[PDB]
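Down below is the structure, laid out as structure tokens.
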Amino acid sequence: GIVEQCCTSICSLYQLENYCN
Amino acid sequence: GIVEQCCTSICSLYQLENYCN
Amino acid sequence: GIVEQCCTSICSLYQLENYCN
Amino acid sequence: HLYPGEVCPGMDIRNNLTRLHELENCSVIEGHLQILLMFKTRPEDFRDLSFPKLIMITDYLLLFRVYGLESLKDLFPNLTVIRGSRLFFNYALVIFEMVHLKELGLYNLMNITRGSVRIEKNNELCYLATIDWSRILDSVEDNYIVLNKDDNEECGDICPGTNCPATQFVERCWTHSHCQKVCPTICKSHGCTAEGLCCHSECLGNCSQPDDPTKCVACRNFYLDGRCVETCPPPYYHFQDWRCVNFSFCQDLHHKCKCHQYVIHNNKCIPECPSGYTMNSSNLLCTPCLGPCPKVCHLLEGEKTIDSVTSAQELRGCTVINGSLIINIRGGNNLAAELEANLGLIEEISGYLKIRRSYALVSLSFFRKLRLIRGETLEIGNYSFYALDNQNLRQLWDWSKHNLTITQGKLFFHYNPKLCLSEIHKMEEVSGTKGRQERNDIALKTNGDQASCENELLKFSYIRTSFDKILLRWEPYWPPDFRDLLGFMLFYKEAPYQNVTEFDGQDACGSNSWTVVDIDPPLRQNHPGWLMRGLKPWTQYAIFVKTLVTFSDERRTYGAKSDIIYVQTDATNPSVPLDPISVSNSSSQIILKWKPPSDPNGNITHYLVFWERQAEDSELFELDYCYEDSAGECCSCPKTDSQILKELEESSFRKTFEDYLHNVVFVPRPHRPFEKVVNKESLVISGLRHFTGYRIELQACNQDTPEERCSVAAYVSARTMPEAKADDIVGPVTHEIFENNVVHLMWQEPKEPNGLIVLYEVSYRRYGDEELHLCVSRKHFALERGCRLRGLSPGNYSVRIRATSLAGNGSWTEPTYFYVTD
Amino acid sequence: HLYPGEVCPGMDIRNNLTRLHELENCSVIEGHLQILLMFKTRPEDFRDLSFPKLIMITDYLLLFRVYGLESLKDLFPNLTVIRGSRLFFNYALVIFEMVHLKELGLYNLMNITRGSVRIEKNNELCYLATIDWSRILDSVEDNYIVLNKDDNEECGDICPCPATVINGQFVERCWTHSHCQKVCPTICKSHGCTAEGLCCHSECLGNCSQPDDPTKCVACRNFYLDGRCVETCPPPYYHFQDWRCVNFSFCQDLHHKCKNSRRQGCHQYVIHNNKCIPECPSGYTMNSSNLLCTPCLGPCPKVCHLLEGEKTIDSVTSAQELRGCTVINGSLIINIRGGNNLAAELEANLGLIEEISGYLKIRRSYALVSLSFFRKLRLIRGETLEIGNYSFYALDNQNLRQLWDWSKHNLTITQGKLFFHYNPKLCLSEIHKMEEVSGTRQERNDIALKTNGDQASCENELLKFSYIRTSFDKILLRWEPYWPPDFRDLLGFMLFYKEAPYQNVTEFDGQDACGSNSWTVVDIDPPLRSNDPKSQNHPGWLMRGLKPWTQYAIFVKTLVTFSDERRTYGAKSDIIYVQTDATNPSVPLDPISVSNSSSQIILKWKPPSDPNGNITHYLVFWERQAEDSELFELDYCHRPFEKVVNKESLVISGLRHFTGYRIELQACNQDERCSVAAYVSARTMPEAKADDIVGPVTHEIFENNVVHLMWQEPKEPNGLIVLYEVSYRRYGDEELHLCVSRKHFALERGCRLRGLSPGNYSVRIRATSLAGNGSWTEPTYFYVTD
Amino acid sequence: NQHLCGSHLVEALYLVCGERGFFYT
Amino acid sequence: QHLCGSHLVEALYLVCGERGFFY
Amino acid sequence: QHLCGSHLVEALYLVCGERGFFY
């Protein structure tokens, strides 16, 4: 899920703000 | 008509009340 | 010479037309 | 020799052979010399022709497309030195596309003060593998001999004797009947006589007597009235640093060519003024300058139209143009680079400028030195500049890194719908066309149509720097109508200097040096931002942001475009030291040489190197012998017009449907030894055992005082050679004969290790008979502490013992004499 | 009976959910339907409400910004057919801003004839890829689904289902976890099928109750009557809404009720072509004394007055409102963004128009490639004027290539002017043609001759090369001179050439010269003459940018400027594919020959670096090399050839196990023209079984205690033998060794030992070749004499 | 500047009315 | 190009470091 | 492009043919 959108692709700043406490 | 009376400026309160009855 | 005239400031087709008799 | 002939200005002899022989009487061919376009001559009209008078060429030796010539010894064999302040294609001996040429003549060519030797596109040229171009020139990297028939081994070469001096290749000879005299290496700069001795310290090249510059031709010192004179008595000027010619004669040669007119520079009558000089018009002295300075440029008919990168390579070495120019270049990739190279030095345009039908230009950065326009040529209508058919032009040169002033004419900008009127107003005053009180003819109804340059700035709320990532944030910007916001365009580039702006790089079709990322609009609040995808640590980058909005029927933008900032990545651990290379140069010393870290990420305070002793292997003792962006993968890739067109059309469509719907729905009411080096790339280990391996490591540390952060330790193994000082067998060769006639031997092993003694060879000789060899294995040696012979015959025997270490064979022991009895 | 319920008009229900009851007593709802503005309901207010009667809706349906709708199973799930008689932005259904909807509840609707669906700002809805729109709708080139959470995975869309793969998805097809997708025969999707999954009668549409039964069908494809889906109805009944027929009783009743003014907003229901409809078409006139569309004296028009005197069309919805209109008393403006082609639907709805009171303005065109959707308009009175006195307006048009045909259609503008700017897809030819047809008296017309026609081309004159000459990389050509009547406007020519072996080439027409496709431009200077037979008649030019053995598409265009001549567009050459000739085959690459065995050599290489010319046979010569005489002074005491054709490896035969070999490789391109050969050498590995001491060891035991030995040389020397190892041995002592080099060997015809003692002796002899060694001779016994 | 349109206008309108019903055709 | 593994963790930290983050 | 050396003779000889020859 998380790696599917950022490891094989590029993630935006708002994409990396949905996996934080 | 709600976009032809106020879309380029702020919309007066009466204009808003107009689309209520 | 011809090498100093065309190897720099290259000569167009009309220039080469002057040559050959 | 001597020069008894006249001095003649250079002659461009082409298409005939009458002007050539004219140089037979002339001894000094002052100026250029071109030998080309001879296809009427045959190789049967020459049998060896030499000219006594001609001894020197003074600008360049040019040979291009010469037919009917078998060797270079048919014109004159007395060429000694080729020097001057002028050069043809940066070569002193030009041999290009010659036919029937099979040998090179001359017997006096031994030194070239300045120049090179080009030998290209030959088809029969031989005799270039017998003589080396090392003592025939004063340069060892200016010899280009390619595309011949003697490089593939097809050309044969024969020289007198196996004679020709020497202190298919046999000897040092030019032709089969002309030897090449190599000068002894005791002088190294004065050539030598045919006899073979080096000339004095004042002579150069071929001489006629050793240590006698009086009879010398072509000397470092000057020549006058028949001898090499160290000084030139005024007004005599230093003509090519080889002779003296009074001021009168110098200016006479100068005026005669009005052929590389000769001027005065540093008391020398040289026809070339080095870079950074200007014509002092009192004696036409080449006076020095700072940076480029004015110089005439003879444009064809006072005009040079440029419409291609090739058509612009003729403006180099030019500071003040003679006439006007025209620009029509279209297409091309990374045009600004070649433009700034070819003509960046042009400081003044004497005439007008034309930008008619110009294409592939987005910003003008081609000129940095241009500061004044004389305007001697003006387009009818009192105009000093024209611009037209430019629909990609966004901005002109920067106005705080450049200066320009005009003295006449009116500006002209027509059919430029992409250049906003702001730049036009700027140039109205800066151009110096509105400081004269004269109305210029500029069109503002055909310029700026469906385009603008109205933009605002963005303020970065937060910035988080790392050594491999740079996070950025900024205030939430919104156009008058929030729905117009389409996102942001983060533009970034690597700035090595703090002068990186949108005017550097790109500005032309096919090239762009600013990478681009995109950001979605913020919530309708959170600050819009972006985080890098990885970057080089300790690197400075230029960044800025731009806004995208929905354009109206007039294409008026309401976006904001922040200014360029510079953010450097944070310091990280030092990189691994590239190429650790240690070389054992003795039995106790080793020298190391390496390259610094691939990325310093700071400053290397010191290098840390460890080493430990590696003992000798055991098996040895047991074995006896007795465009400018990334395009290989795109996950975010550059944008094109179609993308913008489509996204804007879809945005507009969505908004139309939305407003339609809303209006329908709402209507109003009804340890280990070590060493350290600081700022050094070499280490020397002192005091190491011979033939002993050492595992040396190499590190680097960008920071040493705050923390001991260092790079990975690169390893290398160095096995020193074994000593070769004491290989001989030591101690007396004790021979003990017993009742059984057994001659037991007690010899001592060499004291110095010298590696290890793999064996001990013995060579004895029976008087009056053949010798005998025997190998004593280490095992048997230790068993007997020497050897032991069983079966000796009466008579005396001579014995020699040679140890064998890893340092090669030793030296045979002297013959021991023992008379074996029966 | 197929419709046991009632019929309902088109209502809008907002601010209250207690009006849905009025729709449960009617299984048909004429006109559109609307549901929106529900900001007081909660999920429970919907799941507890089920609707039992709905068969088909004549128009579209609106669902907007509603709370509490979890699925469409609380609505009427028995809907089977949607027609879309009235469009809403060219959409038959819309979904927008749903916060509680997570699934679909319509399991029986499988046919849409008009209209598409818009989906946006719906981040709580999934299952939007299992519908198989292709099978549901009749057109799938207008479905718009953007700005939704379903662009990524939201709910997985799992539904344990047929999972048919038609659109190209192997995901289960369904509408609700427990409600799979309805599947029926492909030839039973236009005649309707049964809920079971079996075919049905060919006179129905959608669902059915029994296979192949027309008296119980749910929906009717053409008409409904007497409890059966009919396709034609007796004349007592008249077609209406095209889904059933109604007897003349109710038609006349409606007509009369509308005639009387107690009800407003209606038209009289006259009977035209056996149909009772509210309006009449051109050529006929409504008379309320007959209840029909009575004939007219000549073609009778319909004066359609526009409210506010202007109506901008951006959808067919606004056009359909003008069906049967001939006179427009107002002005018109049109803009189009995205979407698909509409000219068909446009002409079908407004072609009847023949006159317009105002002007016509078009702007930001992005979906129409022409304006040929009006074929009855022939007169533009232009009564209402513009600012500047124009009677037409073309603003920022980037899709218009031609205005109208000028052979089968005409258009005359009585008064006004014309505007033409920022249209780079429409050249000046169309403008000129139209102006001449309209007879625009000349009129002041502002026309742009530098911004219009920049991305399109109307150049019809042609250029043709006359002289052609190519040898290997040069192309000299000459073409027929073409110059405008004014020989001072000529700006030369543009020779466009590129490397293209494939022939799919498209000539330059305005496209950018900075993208991924480039056309090498060659600017030829302008001769500026009326043709003089003194400096050649056909302009000539040579090209030297080409490379040997390469094909190039080439053509040229004429550059000119015109602000006076209006029919001058230059001339251009035709596309040609000129392949350049090559020279030699090029130098071969990687000539590396390595010995595999000790008698064979393997030669490996790569073809020429340049692909110039046709690759052909390869010729390789070889010759032997032998050791120099210097080796015999050391001691430690024509030519055969082979040819391959287009191969990468060669096996050399005719060798041995020593001596180096000279090897060369040369390629040719003709079976004639060749190139310089490469150079390489290699040595076969040595065989140490042919260097062993052979022949008997002949002993000469003299009474002098001098043994003269004579051994024979090996059967084949590898290069040479610098020396021989002879290790003899006296019983009782270690083995002794003696080196016998070439000198002593030849001298004594083998060896000679002096100083021996009585007793038998054993000797060994080994050879020493350049590589490897021989073998130690066995110990022979020789008793030295005393 | 900011202008009340689209969803912004809808939200900036629901507080004015929408608990007494909206405009009716 | 892409950020994965260690890079992804460091990035989640650089973006969320005032409220912590879960990998 | 540029006529220098080989290319000069090549272009001159190949353009000629409607005239004699002169280099």
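Chains: A, B, ... in order of the structure tokens. Residues: from 1 per chain. Ligands: from 1, in order shown.
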Contact residues (chain C, partner chain D, 10 Å, only C-alpha atoms) as an MDAnalysis selection string: chainID C and resid 1:4 8:10
Using N, CA, C and O atoms, can you write the selected residues to a file as a CSV table (one decimal), in the first residue's frame?
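Done, and the output landed in out-v1.csv:
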chain,number,residue,atom,x,y,z
C,1,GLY,N,44.3,31.0,-49.7
C,1,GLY,CA,44.0,29.9,-50.7
C,1,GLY,C,42.6,29.4,-50.6
C,1,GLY,O,41.8,29.9,-49.8
C,2,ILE,N,42.2,28.4,-51.4
C,2,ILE,CA,40.9,27.9,-51.4
C,2,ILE,C,40.6,27.2,-50.1
C,2,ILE,O,39.4,27.2,-49.6
C,3,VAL,N,41.6,26.7,-49.4
C,3,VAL,CA,41.4,26.1,-48.1
C,3,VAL,C,41.2,27.2,-47.0
C,3,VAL,O,40.5,26.9,-46.0
C,4,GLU,N,41.8,28.3,-47.2
C,4,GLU,CA,41.6,29.4,-46.2
C,4,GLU,C,40.4,30.3,-46.5
C,4,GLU,O,40.0,31.1,-45.7
C,8,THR,N,36.8,28.2,-43.6
C,8,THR,CA,36.4,29.2,-42.6
C,8,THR,C,35.5,30.1,-43.5
C,8,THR,O,35.9,30.3,-44.7
C,9,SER,N,34.4,30.6,-43.0
C,9,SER,CA,33.6,31.4,-43.9
C,9,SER,C,33.2,30.6,-45.1
C,9,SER,O,33.7,30.8,-46.2
C,10,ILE,N,32.5,29.5,-44.8
C,10,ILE,CA,32.2,28.5,-45.8
C,10,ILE,C,31.5,29.1,-47.1
C,10,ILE,O,30.7,30.0,-46.9
Interface, chain F side, toward chain E (9 Å; only C-alpha atoms) as a ChimeraX atom specification: /F:14,18-22,24-25
Convert the current residue selection to file output with C-alpha atoms, as a short mmCIF file (atom, residue, chain, number, x, y, z; two decimals), in the first residue's frame.
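Dumped to result_14.cif:
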data_model
loop_
_atom_site.label_atom_id
_atom_site.label_comp_id
_atom_site.auth_asym_id
_atom_site.auth_seq_id
_atom_site.Cartn_x
_atom_site.Cartn_y
_atom_site.Cartn_z
CA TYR F 14 -25.83 26.81 3.85
CA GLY F 18 -30.73 25.29 4.46
CA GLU F 19 -32.47 24.55 7.75
CA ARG F 20 -35.64 26.28 6.53
CA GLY F 21 -35.33 24.97 2.95
CA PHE F 22 -33.71 26.51 -0.11
CA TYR F 24 -38.00 26.53 -4.86
CA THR F 25 -38.77 26.73 -8.58
#
Both chains have the same sequence, so match all Cα atoms in order, fit chain B onto chain C by least squares, and return it as a PDB file with C-alpha atoms, in the first residue's frame.
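The result, written out as superposed-v6.pdb:
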ATOM      1  CA  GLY B   1      42.942  28.934 -53.871  1.00  0.00           C
ATOM      2  CA  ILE B   2      40.019  26.925 -52.502  1.00  0.00           C
ATOM      3  CA  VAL B   3      40.966  26.972 -48.816  1.00  0.00           C
ATOM      4  CA  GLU B   4      41.646  30.722 -48.554  1.00  0.00           C
ATOM      5  CA  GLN B   5      38.131  31.786 -49.563  1.00  0.00           C
ATOM      6  CA  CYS B   6      35.959  29.428 -47.491  1.00  0.00           C
ATOM      7  CA  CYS B   7      37.353  27.146 -44.784  1.00  0.00           C
ATOM      8  CA  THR B   8      36.043  28.717 -41.552  1.00  0.00           C
ATOM      9  CA  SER B   9      32.348  28.823 -42.542  1.00  0.00           C
ATOM     10  CA  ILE B  10      30.004  27.347 -45.098  1.00  0.00           C
ATOM     11  CA  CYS B  11      30.946  27.910 -48.720  1.00  0.00           C
ATOM     12  CA  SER B  12      28.514  29.778 -50.970  1.00  0.00           C
ATOM     13  CA  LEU B  13      27.389  28.067 -54.167  1.00  0.00           C
ATOM     14  CA  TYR B  14      29.027  30.643 -56.457  1.00  0.00           C
ATOM     15  CA  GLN B  15      32.399  30.101 -54.747  1.00  0.00           C
ATOM     16  CA  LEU B  16      32.067  26.401 -55.572  1.00  0.00           C
ATOM     17  CA  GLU B  17      31.068  27.135 -59.169  1.00  0.00           C
ATOM     18  CA  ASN B  18      34.090  29.448 -59.473  1.00  0.00           C
ATOM     19  CA  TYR B  19      36.414  26.425 -59.439  1.00  0.00           C
ATOM     20  CA  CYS B  20      34.710  24.754 -62.412  1.00  0.00           C
ATOM     21  CA  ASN B  21      35.859  26.566 -65.585  1.00  0.00           C
TER      22      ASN B  21
END
Using 8 Å as the limit and counting only C-alpha atoms, can you tabulate each residue of chain F that touches chain D, with its shortest atom-to-atom distance in Å and the two atoms involved, as JSON lines?
{"residue": "F:1", "atom": "CA", "partner": "D:480", "partner_atom": "CA", "distance": 5.0}
{"residue": "F:2", "atom": "CA", "partner": "D:480", "partner_atom": "CA", "distance": 4.9}
{"residue": "F:3", "atom": "CA", "partner": "D:481", "partner_atom": "CA", "distance": 5.5}
{"residue": "F:5", "atom": "CA", "partner": "D:481", "partner_atom": "CA", "distance": 7.8}
{"residue": "F:6", "atom": "CA", "partner": "D:659", "partner_atom": "CA", "distance": 6.7}
{"residue": "F:23", "atom": "CA", "partner": "D:666", "partner_atom": "CA", "distance": 6.3}
{"residue": "F:25", "atom": "CA", "partner": "D:667", "partner_atom": "CA", "distance": 7.8}
Taking N, CA, C and O atoms for each residue, export the selection above as a PDB file, in the first residue's frame.
ATOM      1  N   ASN F   1      -8.016  38.115  -2.959  1.00  0.00           N
ATOM      2  CA  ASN F   1      -9.331  38.711  -3.161  1.00  0.00           C
ATOM      3  C   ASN F   1     -10.435  37.786  -2.664  1.00  0.00           C
ATOM      4  O   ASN F   1     -11.249  38.177  -1.827  1.00  0.00           O
ATOM      5  N   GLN F   2     -10.445  36.562  -3.201  1.00  0.00           N
ATOM      6  CA  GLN F   2     -11.414  35.518  -2.874  1.00  0.00           C
ATOM      7  C   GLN F   2     -12.805  35.882  -3.379  1.00  0.00           C
ATOM      8  O   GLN F   2     -13.277  37.005  -3.175  1.00  0.00           O
ATOM      9  N   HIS F   3     -13.470  34.939  -4.041  1.00  0.00           N
ATOM     10  CA  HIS F   3     -14.804  35.170  -4.576  1.00  0.00           C
ATOM     11  C   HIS F   3     -15.690  33.977  -4.257  1.00  0.00           C
ATOM     12  O   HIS F   3     -15.283  32.828  -4.456  1.00  0.00           O
ATOM     13  N   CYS F   5     -17.926  31.372  -5.014  1.00  0.00           N
ATOM     14  CA  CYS F   5     -18.424  30.627  -6.161  1.00  0.00           C
ATOM     15  C   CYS F   5     -18.246  29.148  -5.845  1.00  0.00           C
ATOM     16  O   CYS F   5     -17.583  28.782  -4.872  1.00  0.00           O
ATOM     17  N   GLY F   6     -18.834  28.298  -6.683  1.00  0.00           N
ATOM     18  CA  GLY F   6     -18.719  26.858  -6.515  1.00  0.00           C
ATOM     19  C   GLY F   6     -19.052  26.376  -5.116  1.00  0.00           C
ATOM     20  O   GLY F   6     -19.963  26.874  -4.434  1.00  0.00           O
ATOM     21  N   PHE F  23     -34.278  27.778  -2.098  1.00  0.00           N
ATOM     22  CA  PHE F  23     -35.178  28.359  -3.083  1.00  0.00           C
ATOM     23  C   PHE F  23     -35.909  27.253  -3.834  1.00  0.00           C
ATOM     24  O   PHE F  23     -35.339  26.199  -4.129  1.00  0.00           O
ATOM     25  N   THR F  25     -38.390  26.291  -7.240  1.00  0.00           N
ATOM     26  CA  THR F  25     -38.770  26.729  -8.577  1.00  0.00           C
ATOM     27  C   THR F  25     -40.284  26.856  -8.701  1.00  0.00           C
ATOM     28  O   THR F  25     -41.034  26.317  -7.887  1.00  0.00           O
TER      29      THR F  25
END
Superimposed copy of chain H on chain G by least squares over C-alpha atoms, as a CSV table (one decimal) with N, CA and C atoms, in the first residue's frame:
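part_20.csv written:
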chain,number,residue,atom,x,y,z
H,1,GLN,N,13.5,12.0,-5.1
H,1,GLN,CA,13.0,11.2,-6.2
H,1,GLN,C,12.1,10.0,-5.8
H,2,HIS,N,12.8,8.9,-5.7
H,2,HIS,CA,12.1,7.6,-5.4
H,2,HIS,C,12.3,7.3,-3.9
H,3,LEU,N,11.3,6.9,-3.2
H,3,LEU,CA,11.3,6.5,-1.8
H,3,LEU,C,11.3,5.0,-1.7
H,4,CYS,N,12.4,4.4,-1.5
H,4,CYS,CA,12.5,2.9,-1.4
H,4,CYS,C,13.5,2.5,-0.4
H,5,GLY,N,13.1,1.8,0.6
H,5,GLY,CA,14.1,1.3,1.6
H,5,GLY,C,14.6,2.4,2.5
H,6,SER,N,15.8,2.7,2.4
H,6,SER,CA,16.5,3.8,3.2
H,6,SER,C,15.8,5.1,3.0
H,7,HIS,N,15.6,5.6,1.7
H,7,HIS,CA,15.1,6.8,1.4
H,7,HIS,C,13.6,7.0,1.9
H,8,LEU,N,12.9,5.9,1.9
H,8,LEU,CA,11.5,5.9,2.4
H,8,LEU,C,11.5,6.3,3.9
H,9,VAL,N,12.3,5.6,4.7
H,9,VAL,CA,12.3,5.9,6.1
H,9,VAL,C,12.9,7.3,6.4
H,10,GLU,N,13.9,7.7,5.6
H,10,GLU,CA,14.5,9.0,5.7
H,10,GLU,C,13.4,10.1,5.4
H,11,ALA,N,12.7,10.1,4.3
H,11,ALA,CA,11.7,11.1,4.0
H,11,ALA,C,10.6,11.1,5.0
H,12,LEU,N,10.1,9.9,5.4
H,12,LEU,CA,9.0,9.9,6.4
H,12,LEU,C,9.4,10.5,7.7
H,13,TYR,N,10.6,10.1,8.3
H,13,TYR,CA,11.0,10.6,9.5
H,13,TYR,C,11.4,12.1,9.5
H,14,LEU,N,11.9,12.6,8.3
H,14,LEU,CA,12.3,14.0,8.3
H,14,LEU,C,11.1,14.9,8.0
H,15,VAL,N,10.0,14.3,7.3
H,15,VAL,CA,8.9,15.2,7.1
H,15,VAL,C,8.1,15.3,8.4
H,16,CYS,N,8.1,14.3,9.2
H,16,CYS,CA,7.4,14.3,10.5
H,16,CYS,C,8.1,15.2,11.5
H,17,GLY,N,7.5,15.5,12.6
H,17,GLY,CA,8.0,16.4,13.6
H,17,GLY,C,6.9,17.3,14.0
H,18,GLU,N,5.9,17.5,13.1
H,18,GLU,CA,4.7,18.2,13.4
H,18,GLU,C,3.6,17.2,13.8
H,19,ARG,N,4.0,16.0,13.9
H,19,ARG,CA,3.2,14.8,14.3
H,19,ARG,C,4.1,13.8,14.9
H,20,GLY,N,3.6,12.7,15.4
H,20,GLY,CA,4.4,11.7,16.1
H,20,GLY,C,5.1,10.9,15.0
H,21,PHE,N,5.2,9.6,15.2
H,21,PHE,CA,5.9,8.8,14.2
H,21,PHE,C,5.2,7.4,14.0
H,22,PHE,N,5.2,7.0,12.7
H,22,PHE,CA,4.5,5.8,12.3
H,22,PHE,C,5.1,5.3,11.0
H,23,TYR,N,5.7,4.2,10.9
H,23,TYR,CA,6.3,3.7,9.6
H,23,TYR,C,5.5,2.5,9.1
Polymer residues at most 8 Å from residue E:83, only C-alpha atoms, same-chain spacing of 5 or more positions, as a VMD selection string: chain E and resid 56 to 60 92 111 to 114
Distance-based interface of chain D with chain G, 8 Å, counting only C-alpha atoms, as an MDAnalysis selection string: chainID D and resid 464 469 471 531 533:534 635
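Residues in contact with stretch 438-440 of chain D at up to 8 Å, not including ones fewer than 2 positions away on its chain and judged by only C-alpha atoms, are residues 410, 411, 412, 433, 434, 436 and 442 of chain D.
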Generate a file of the selected residues that holds N, CA and C atoms, formatted as a PDB file, in the first residue's frame.
ATOM      1  N   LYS D 410      15.824  54.956 -33.734  1.00  0.00           N
ATOM      2  CA  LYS D 410      14.624  54.704 -32.952  1.00  0.00           C
ATOM      3  C   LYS D 410      14.440  53.208 -32.744  1.00  0.00           C
ATOM      4  N   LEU D 411      13.954  52.835 -31.562  1.00  0.00           N
ATOM      5  CA  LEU D 411      13.710  51.433 -31.266  1.00  0.00           C
ATOM      6  C   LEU D 411      12.574  50.915 -32.147  1.00  0.00           C
ATOM      7  N   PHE D 412      12.464  49.592 -32.237  1.00  0.00           N
ATOM      8  CA  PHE D 412      11.426  49.001 -33.079  1.00  0.00           C
ATOM      9  C   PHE D 412      11.116  47.594 -32.596  1.00  0.00           C
ATOM     10  N   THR D 433      17.318  55.724 -25.479  1.00  0.00           N
ATOM     11  CA  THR D 433      16.517  56.196 -26.596  1.00  0.00           C
ATOM     12  C   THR D 433      15.407  57.129 -26.142  1.00  0.00           C
ATOM     13  N   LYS D 434      15.159  57.212 -24.832  1.00  0.00           N
ATOM     14  CA  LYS D 434      14.156  58.096 -24.253  1.00  0.00           C
ATOM     15  C   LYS D 434      14.821  59.128 -23.351  1.00  0.00           C
ATOM     16  N   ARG D 436      16.984  61.186 -24.938  1.00  0.00           N
ATOM     17  CA  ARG D 436      17.335  62.071 -26.033  1.00  0.00           C
ATOM     18  C   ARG D 436      16.157  62.921 -26.474  1.00  0.00           C
ATOM     19  N   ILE D 442       7.451  52.053 -31.997  1.00  0.00           N
ATOM     20  CA  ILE D 442       7.294  50.743 -31.381  1.00  0.00           C
ATOM     21  C   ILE D 442       5.809  50.418 -31.359  1.00  0.00           C
TER      22      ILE D 442
END
Distance in Å - atom CA of residue E:488 versus atom CA of residue D:448: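 A separation of 29.5 Å between them.
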DSSP-assigned alpha helix (DSSP H) members of chain C, reported as a PyMOL selection string: chain C and resi 2-6+13-18
Point-to-point distance in Å for atom CA of residue D:814 and atom CA of residue D:783: 23.7 Å
For stretch 229-240 of chain D: contacts at 7 Å, only C-alpha atoms, fewer than 5 positions along chain excluded, given as a list in words: residues 84, 85, 221, 222, 223, 224, 245, 246, 247, 267, 268, 269 and 270 of chain D
Gap from atom CA of residue E:575 to atom CA of residue E:451 - Å, one decimal: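 Calculated distance between atom CA of residue E:575 and atom CA of residue E:451 is 27.4 Å.
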